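What follows is a single structure, written as structure tokens, with notes after it.
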């Protein structure tokens, strides 16, 4: 606004060079996004080969039958995840055959929890979908179809029942938003920390967490 | 330790697949590290072309003479950096011709502050070097060779002088370590936030911060 004409030509040049920067930045972001996919694909089969070794499914009525309690125990050896896995959850996570991560067809990712048929719920898969633009927009999770007397999220009977909700890993499968705000924020920062650990540590290094060396 | 032999063969397979993962992970990290360099280089000249436009040096006795107060004002339009730039620093940052970032020949990066000859100090460049392995190990910065009565870091004369240190952007050019701990941590988390802003926002988008659109 308030410059000499010489200083304006210097700005043209600067505006010019800053445009060229923005182009190269794009070329990089593109190439980087190639590179991430190229390898997301490379990994897939490995994850499947590992699933095949744990499950090998002509049948199953318990989780990862070729190596019982694999996922539970691998989850339990992560510090961040273990915090939220309580002892009453253990007998549900035992039926877990698999954990997977996908991209969706501003982006995001779905975390898939594949379970064997179990007395707790009918869902064969529970997913949690993180929408993003980095910066998180909102989440979707599947509504667990708990069986009668089998909602761990809630207390239980026995002594006229008396009922009172309690913490559980499976409070992970709820949905959120946002336009007081700390309570609201603090739920998002803890939930995302878990999803990230799973997505980038548990899933990649599962057996290493199992073996107990991370 | 406590498995059946079938479950052991399932572990061989898992150990096997987790090795293959680690290989692909390496291939990616390599390719990614190609890609970052490839473009660090691509940018260089642009940054130089921009320096050439601001300075164009057959001479200079003030900062960025072809567009006075460019860097100062670009720094002042960043929220994180501006916080630490005080008003007494302004008359020193005015002599700033350039800001650059380099890699070093576990890694790190040097941030270079190139100044025109000025009444505050003789240093033609002030650098701050962040050593890392991500996770920060320790920093090096240049000892500013302040001239007599020209140390802004410290109060001043006039009314037998009376002296008392005070905050300044240029407390940025100090060195650190670590094996109470919060005071120690809190210095590192604020200092690094500044270096990062410069390295990834100011330097790349300098004129845009100047123009006042970020």
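Answer with yes or no whether residue A:111 is under 26 Å from residue A:213 (Cα atoms) and outside the structural domain of residue A:166 (by CATH). Steps first, answer last, please.
Values: under 26 Å from residue A:213 (Cα atoms): yes; outside the structural domain of residue A:166 (by CATH): no.
So residue A:111 does not fit the description; no.
In region A:92-99, is there at least one residue being within 14 Å of chain B (Cβ to nearest Cβ), closer than 23 Å to residue B:19 by Cα and not in a strand (DSSP E or B)?
no
Just checking, how many residues over region B:17-33 are over 22 Å from the mean Cα position of the chain (by Cα) and more than 7 Å from chain A (Cβ to nearest Cβ)?
Of the residues in that region, 8 qualify.
Please indicate, with yes or no, whether at least one residue in region B:52-69 is part of a helix (DSSP H, G or I) and either under 30 Å from residue A:207 (Cβ atoms) or at the interface with another protein chain (Cβ under 8 Å from one of its Cβ atoms) (or both).
Yes, the conditions are met somewhere in region B:52-69.
Residue A:81 - would you say it is within 16 Å of the chain's Cα centre (by Cα) and under 24 Å from residue A:165 (Cα atoms)? It would help to see each step written out before you state the result.
Numbers: within 16 Å of the chain's Cα centre (by Cα): yes; under 24 Å from residue A:165 (Cα atoms): yes.
Yes; evaluated as a whole, the condition is true for this residue.
So how many residues does region B:151-200 have that are assigned to a loop (DSSP other than H, G, I, E, B) and loosely packed, with under 14 Cβ neighbours inside 10 Å?
Our first condition is that a residue be assigned to a loop (DSSP other than H, G, I, E, B); within region B:151-200, this holds for B:151-168, B:173-175, B:177-180.
So of that shortlist, the ones also loosely packed, with under 14 Cβ neighbours inside 10 Å come out as B:154-155, B:157-167, B:175, B:177-180.
Matching residues across region B:151-200 total 18.
Among the residues of region B:70-89, which ones are out of contact with any helix residue (DSSP H, G or I) (no Cβ under 6 Å at 6 or more places or on another chain), away from every other protein chain (no Cβ under 14 Å) and not in a loop (DSSP other than H, G, I, E, B)? Don't jump to the end; show me each part of the working.
Looking only at region B:70-89, we keep the residues that are out of contact with any helix residue (DSSP H, G or I) (no Cβ under 6 Å at 6 or more places or on another chain), and these are B:71, B:79, B:83, B:86-88.
When the remaining residues are screened for being away from every other protein chain (no Cβ under 14 Å), the result is B:79, B:83, B:86-88.
Those that are out of contact with any helix residue (DSSP H, G or I) (no Cβ under 6 Å at 6 or more places or on another chain), away from every other protein chain (no Cβ under 14 Å) and not in a loop (DSSP other than H, G, I, E, B): B:79, B:87, B:88.
Examine region A:24-32 for a residue that is crowded, with 18+ Cβ neighbours inside 10 Å and not assigned by CATH to the domain that holds residue A:113, and state whether such a residue exists.
Checked region A:24-32: no residue is crowded, with 18+ Cβ neighbours inside 10 Å and not assigned by CATH to the domain that holds residue A:113.
Numbers and lists here come from the model and the stated rules, or from a named source; these are not laboratory values. Cβ: placed from backbone, ideal geometry, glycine included. Neighbour counts: every protein chain shown.
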